[PDB]
Amino acid sequence: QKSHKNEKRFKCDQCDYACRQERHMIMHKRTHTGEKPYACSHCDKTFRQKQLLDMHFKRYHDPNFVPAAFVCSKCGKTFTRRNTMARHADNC
DNA sequence: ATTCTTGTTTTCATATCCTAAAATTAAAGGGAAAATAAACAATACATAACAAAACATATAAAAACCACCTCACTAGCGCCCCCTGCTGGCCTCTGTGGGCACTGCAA
Ligand SMILES: [Zn+2]
Ligand SMILES: [Zn+2]
Ligand SMILES: [Zn+2]
(Lines give C-alpha, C1' and ligand atoms only; values in the text may rest on other atoms or scores of the structure.)
(Ligands and ions follow the chains in the order given, each with its own letter.)
Protein backbone atom coordinates (compact mmCIF):
# COMPACT_ATOMS: atom_id res chain seq x y z
CA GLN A 1 0.00 0.00 0.00
CA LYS A 2 3.02 2.33 0.14
CA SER A 3 2.81 2.32 -3.66
CA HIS A 4 -0.75 3.62 -3.40
CA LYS A 5 -0.09 5.93 -0.41
CA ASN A 6 -0.39 9.62 -1.44
CA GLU A 7 -0.90 8.80 -5.12
CA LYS A 8 -3.74 8.67 -7.65
CA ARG A 9 -5.24 5.66 -5.90
CA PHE A 10 -8.64 5.53 -7.64
CA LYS A 11 -8.88 5.28 -11.43
CA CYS A 12 -12.07 6.12 -13.35
CA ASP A 13 -13.65 3.65 -15.76
CA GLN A 14 -15.03 6.07 -18.37
CA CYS A 15 -12.06 8.48 -18.50
CA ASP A 16 -8.45 8.37 -17.36
CA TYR A 17 -8.67 11.07 -14.68
CA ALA A 18 -7.65 9.84 -11.23
CA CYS A 19 -8.23 11.09 -7.67
CA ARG A 20 -6.77 10.04 -4.32
CA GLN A 21 -10.16 10.06 -2.53
CA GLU A 22 -13.29 7.93 -3.05
CA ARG A 23 -15.62 10.90 -2.48
CA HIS A 24 -14.00 12.44 -5.53
CA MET A 25 -14.91 9.27 -7.45
CA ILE A 26 -18.61 9.59 -6.55
CA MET A 27 -18.69 13.27 -7.55
CA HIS A 28 -16.67 12.54 -10.71
CA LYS A 29 -19.07 9.71 -11.62
CA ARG A 30 -22.17 11.92 -11.36
CA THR A 31 -20.84 14.19 -14.13
CA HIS A 32 -20.61 11.23 -16.52
CA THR A 33 -23.96 9.73 -15.43
CA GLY A 34 -26.03 12.85 -14.62
CA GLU A 35 -27.93 12.40 -11.35
CA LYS A 36 -27.80 16.02 -9.93
CA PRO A 37 -30.07 15.31 -6.94
CA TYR A 38 -29.19 18.53 -5.08
CA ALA A 39 -31.65 21.38 -5.48
CA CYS A 40 -31.79 25.03 -4.42
CA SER A 41 -34.75 25.66 -2.11
CA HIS A 42 -35.65 28.93 -3.87
CA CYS A 43 -35.04 28.28 -7.59
CA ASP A 44 -35.30 25.46 -10.13
CA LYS A 45 -31.53 24.85 -10.35
CA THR A 46 -30.33 21.28 -9.78
CA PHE A 47 -26.73 20.94 -8.63
CA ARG A 48 -24.26 18.11 -9.10
CA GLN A 49 -21.66 18.82 -6.36
CA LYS A 50 -22.29 19.21 -2.61
CA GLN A 51 -22.94 22.31 -0.42
CA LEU A 52 -20.84 24.68 -2.61
CA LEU A 53 -24.10 25.00 -4.53
CA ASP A 54 -25.94 24.93 -1.17
CA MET A 55 -23.82 28.08 -0.77
CA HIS A 56 -25.43 29.01 -4.12
CA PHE A 57 -28.83 28.61 -2.37
CA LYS A 58 -27.67 30.64 0.65
CA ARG A 59 -26.26 33.67 -1.32
CA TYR A 60 -28.66 33.77 -4.30
CA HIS A 61 -31.47 34.25 -1.76
CA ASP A 62 -29.97 35.95 1.38
CA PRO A 63 -29.81 39.81 1.32
CA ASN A 64 -26.77 39.39 3.62
CA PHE A 65 -24.55 38.20 0.76
CA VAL A 66 -21.88 40.81 1.73
CA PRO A 67 -19.15 40.52 -0.97
CA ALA A 68 -15.79 40.58 0.87
CA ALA A 69 -14.14 43.88 -0.18
CA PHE A 70 -10.64 42.28 -0.38
CA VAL A 71 -8.99 45.63 -1.09
CA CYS A 72 -5.71 45.66 -3.06
CA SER A 73 -2.81 48.10 -2.70
CA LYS A 74 -2.62 51.79 -3.66
CA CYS A 75 -5.36 51.94 -6.33
CA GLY A 76 -7.75 50.11 -3.97
CA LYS A 77 -10.26 48.76 -6.50
CA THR A 78 -12.23 45.70 -5.37
CA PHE A 79 -12.36 42.34 -7.18
CA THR A 80 -14.35 39.18 -6.32
CA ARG A 81 -11.44 36.72 -6.93
CA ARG A 82 -8.04 36.24 -5.23
CA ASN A 83 -6.14 35.60 -8.48
CA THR A 84 -7.34 38.95 -9.83
CA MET A 85 -6.00 40.81 -6.78
CA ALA A 86 -2.63 39.05 -6.97
CA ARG A 87 -2.22 39.74 -10.71
CA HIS A 88 -3.35 43.37 -10.56
CA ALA A 89 -1.25 44.01 -7.38
CA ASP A 90 1.96 42.64 -8.96
CA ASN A 91 1.80 45.82 -11.09
CA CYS A 92 -0.16 48.34 -8.98
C1' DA B 1 -14.14 -216.09 172.46
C1' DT B 2 -14.13 -213.92 168.04
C1' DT B 3 -14.12 -209.89 164.79
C1' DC B 4 -13.13 -204.97 163.53
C1' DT B 5 -11.17 -199.81 163.56
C1' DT B 6 -7.12 -196.63 164.67
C1' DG B 7 -2.60 -194.91 165.83
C1' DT B 8 2.24 -195.21 165.45
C1' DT B 9 7.12 -197.05 163.99
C1' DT B 10 9.91 -199.46 159.71
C1' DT B 11 11.48 -199.55 155.40
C1' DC B 12 11.38 -199.31 150.19
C1' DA B 13 11.23 -195.53 146.74
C1' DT B 14 11.52 -191.89 144.13
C1' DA B 15 12.57 -187.36 143.51
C1' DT B 16 16.34 -184.28 144.77
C1' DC B 17 20.90 -182.67 146.11
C1' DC B 18 25.68 -182.79 146.00
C1' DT B 19 30.34 -183.88 143.53
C1' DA B 20 33.51 -184.38 140.26
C1' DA B 21 35.34 -185.12 135.42
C1' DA B 22 34.68 -183.44 130.77
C1' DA B 23 34.16 -179.72 127.54
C1' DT B 24 33.75 -175.83 126.47
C1' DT B 25 33.09 -171.26 125.84
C1' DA B 26 33.72 -167.01 126.40
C1' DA B 27 37.13 -163.85 128.25
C1' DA B 28 41.46 -162.06 127.71
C1' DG B 29 46.20 -161.24 125.97
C1' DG B 30 48.99 -160.17 122.15
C1' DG B 31 50.34 -158.79 116.71
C1' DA B 32 49.19 -155.95 113.39
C1' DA B 33 46.80 -153.24 109.83
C1' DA B 34 43.69 -149.68 109.34
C1' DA B 35 42.37 -145.31 110.94
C1' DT B 36 40.55 -141.19 112.65
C1' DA B 37 42.50 -137.27 114.99
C1' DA B 38 45.62 -133.78 116.06
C1' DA B 39 49.58 -130.66 115.95
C1' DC B 40 51.82 -127.78 113.06
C1' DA B 41 52.71 -125.23 109.02
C1' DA B 42 51.30 -123.10 104.61
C1' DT B 43 48.21 -120.69 101.52
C1' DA B 44 44.55 -117.70 100.39
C1' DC B 45 41.17 -114.40 101.65
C1' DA B 46 39.59 -110.38 103.96
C1' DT B 47 40.24 -106.09 106.50
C1' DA B 48 42.50 -101.83 107.66
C1' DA B 49 45.62 -98.01 106.81
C1' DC B 50 48.10 -94.83 103.92
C1' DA B 51 48.73 -92.15 100.00
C1' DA B 52 47.16 -90.32 95.63
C1' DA B 53 43.90 -89.34 92.16
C1' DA B 54 39.67 -87.63 90.87
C1' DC B 55 35.79 -84.61 91.55
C1' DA B 56 33.57 -80.32 92.71
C1' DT B 57 33.61 -75.36 94.06
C1' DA B 58 35.11 -70.64 93.89
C1' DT B 59 36.84 -67.04 91.55
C1' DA B 60 38.40 -64.08 88.54
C1' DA B 61 39.85 -63.57 83.75
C1' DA B 62 39.48 -62.44 79.52
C1' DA B 63 35.58 -62.03 76.87
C1' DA B 64 31.26 -61.92 74.71
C1' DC B 65 26.78 -59.66 74.25
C1' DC B 66 23.56 -55.82 74.46
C1' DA B 67 22.17 -51.02 74.63
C1' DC B 68 23.00 -46.13 74.20
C1' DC B 69 25.14 -42.17 72.15
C1' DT B 70 26.68 -39.75 68.42
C1' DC B 71 28.00 -38.26 63.96
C1' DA B 72 26.81 -38.57 59.76
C1' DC B 73 22.91 -39.42 55.83
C1' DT B 74 18.00 -39.02 54.04
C1' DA B 75 13.70 -36.46 53.52
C1' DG B 76 11.44 -32.40 53.90
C1' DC B 77 9.43 -27.69 52.97
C1' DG B 78 9.93 -23.39 52.24
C1' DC B 79 12.98 -19.40 50.33
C1' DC B 80 14.66 -16.53 46.89
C1' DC B 81 15.86 -14.87 42.87
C1' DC B 82 15.98 -15.62 37.95
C1' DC B 83 14.95 -16.01 33.46
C1' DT B 84 11.64 -16.39 29.87
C1' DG B 85 7.46 -15.84 27.49
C1' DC B 86 2.67 -14.28 27.03
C1' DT B 87 -0.83 -10.54 28.05
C1' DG B 88 -3.23 -6.29 28.47
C1' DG B 89 -3.42 -1.56 28.11
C1' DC B 90 -0.98 2.74 26.03
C1' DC B 91 0.33 6.03 22.92
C1' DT B 92 1.92 8.02 18.95
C1' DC B 93 2.95 7.60 14.10
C1' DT B 94 1.15 6.62 9.91
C1' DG B 95 -3.36 6.17 7.68
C1' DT B 96 -8.68 6.11 7.16
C1' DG B 97 -12.55 9.27 6.50
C1' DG B 98 -14.47 13.62 5.08
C1' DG B 99 -15.68 18.79 4.38
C1' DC B 100 -14.66 22.08 1.38
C1' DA B 101 -11.95 25.72 -1.21
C1' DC B 102 -9.97 25.84 -5.40
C1' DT B 103 -8.90 25.42 -10.76
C1' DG B 104 -9.11 24.27 -15.83
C1' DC B 105 -12.23 23.70 -19.39
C1' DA B 106 -15.62 25.04 -22.23
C1' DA B 107 -19.68 27.27 -22.85
ZN1 LIG C 1 -14.56 9.73 -15.69
ZN1 LIG D 1 -31.31 29.44 -5.66
ZN1 LIG E 1 -4.52 48.06 -7.15
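Anyway, here's the lowdown on the structure attached to this text.

About the thresholds
Residues numbered from 1 in each chain as written, not as in the entry; some residues may be left out. Chains lettered and ligands numbered in written order. Part of a larger assembly, values for the part shown. Heavy atoms only, no water. Residues with missing side-chain atoms left out of burial classes, pairs and counts. Helix = DSSP H or I, 4+ residues; strand = E, 2+ residues; numbered from the N terminus. Rg over C-alpha atoms; globule rule 2.2 N^0.38 Å. Contact = heavy atoms within 4.5 Å.

**Brief notes about the overall build of chain A**
Piece 1. Scanning chain A from terminus to terminus reveals three helices and four strands.
Piece 2. On C-alpha atoms alone, chain A measures out to a radius of gyration of 19 Å, which is more than a quarter above the 12 Å that the 2.2 N^0.38 rule sets for 92 residues.
Piece 3. Dimensions of chain A, computed from the C-alpha atoms along their principal axes, are close to 50 × 40 × 20 Å.
Piece 4. Sequence-distant contacts, at least 24 apart, represent 0% of the contacts inside chain A between residues at least 6 apart.

**Focus: the environment of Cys72**
Piece 1. Tracing the backbone shows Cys72 in the loop between helix 2 (52-61) and helix 3 (82-90).
Piece 2. In this structure the C-alpha to C-alpha distance between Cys72 and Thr84, which are twelve residues apart in sequence, comes to 9.7 Å.
Piece 3. For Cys72, the contacting residues outside a window of four places in its chain are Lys77, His88 and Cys92.

**Remarks on the environment of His56**
Piece 1. By secondary structure assignment, the location of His56 is in helix 2.
Piece 2. It is 31 Å that separates the C-alpha atoms of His56 and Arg9, two residues lying 47 residues apart in sequence.

Remember, this is a structural readout, not a statement about activity or role.
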